[PDB]
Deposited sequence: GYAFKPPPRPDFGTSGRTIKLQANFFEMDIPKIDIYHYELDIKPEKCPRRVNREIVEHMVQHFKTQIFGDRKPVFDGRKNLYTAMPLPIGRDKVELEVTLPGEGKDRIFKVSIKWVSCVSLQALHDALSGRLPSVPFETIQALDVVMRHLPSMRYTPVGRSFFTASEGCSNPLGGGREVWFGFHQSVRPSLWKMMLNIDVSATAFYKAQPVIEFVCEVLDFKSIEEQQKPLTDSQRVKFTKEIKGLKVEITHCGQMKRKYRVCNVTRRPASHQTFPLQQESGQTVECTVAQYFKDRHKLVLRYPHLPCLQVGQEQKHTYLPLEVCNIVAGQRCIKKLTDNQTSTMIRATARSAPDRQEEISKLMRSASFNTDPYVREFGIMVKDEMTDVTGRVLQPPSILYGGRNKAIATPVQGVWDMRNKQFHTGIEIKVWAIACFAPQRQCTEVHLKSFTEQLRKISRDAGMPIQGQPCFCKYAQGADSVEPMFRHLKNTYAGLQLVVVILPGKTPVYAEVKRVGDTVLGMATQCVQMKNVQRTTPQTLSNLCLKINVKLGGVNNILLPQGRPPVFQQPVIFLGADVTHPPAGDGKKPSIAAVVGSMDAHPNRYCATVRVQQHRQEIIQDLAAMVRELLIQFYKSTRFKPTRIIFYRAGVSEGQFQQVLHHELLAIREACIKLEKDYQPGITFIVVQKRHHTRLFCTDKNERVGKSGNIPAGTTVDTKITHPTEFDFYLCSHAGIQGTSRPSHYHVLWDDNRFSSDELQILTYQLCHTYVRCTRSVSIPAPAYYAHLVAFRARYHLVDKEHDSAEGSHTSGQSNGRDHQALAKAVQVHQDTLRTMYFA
């Protein structure tokens, strides 16, 4: 048996605006639209965006902290006949003006602006870049759609040279929209070490009165009928009081293994980074776990919790912070619709962002809820299920649901509220980037096609070093 059991429901939710809904169980349920957190920005004005219907924009808004870009480069892998230097100059001008309007001043044209062909030319030229322009902060790599050049660029920048690289498709260079450039600039500001925005500090739940770390974990697996290809487990952790900046750890682990075998070491490194950054050990630990089925609830809860506790024991003598273990499930057949036409959203007629249901469709004796935190524009919105497998922090339903909503609003690649909290999304992004690293490790030997070359040519140590990113990359948000 297992010595750990999930805590029951501490109470029912009361905060938010009451909204009748229908669910395919039709079962008439009652949700609560949580009010969106105010998004605090920077600049001279320090604008406070109010997410309207799940969405806010970057018009008249500057970054909370903007990173000036004095040195950057452009490597165009698109065909020169298809992406002319006129197009590149127009893209540079439009991107510079949008970035300056967003509080991210780019001082002048890139020093390097050259054309290259093939993935095999990525690693030399990139190395040449690191050997030519000191203080280089970014390379804009233009790509003609799908190519191995993308994964080779990602591998070289992340796990080889420690270089921040942003890729743009060719079709977004010839025709440029202000929204595309603004989202690009969001990614640039995140990748270079700046914070785009924070939640309004006076509107946060009381859990931020004490030091706290937010952990997001996700394991991706290759298709079945395999065993040469391993699973990839990624755990990210928030590195400051404003839950925006995240550090990442990644591990190659056994084929189709769901529990994170090396979770204790990853959590230990993340806690060490948190103590280095905030100079305070986390009093509370919030763990958002993605990609765990119902039938494997307890095993993960038996292992990973212990691992986290082990990391705490390995952090300092007599250090047992309260641990909150929640599992995120975007995949389920639970659909929610508004009962009256006056509350439907857009053309698609979805439910509003913030719709939280913790009654009548959840587990009667367990702490779980549904939260639709994203604005649906097509079809039927799919809310995210959050089941609290462990709660040493004595959370209430209101505080945990509001914290989940604000974490969903902390996603930084867009000015939108998304379906899952930012740590889970970042764990997914790190897992995908690690899979790109693993794929482009085998780019000179794409398929191998050998007996001994495939029997013991991809041993676990080599892939473990393959997913490990550079030292200059480890502390940054390369995955965004």
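Colleague: Take the full deposited sequence, match it to the modelled residues, and report the stretches without C-alphas.
Modeller: Model skips only 26-385 of the deposited chain.
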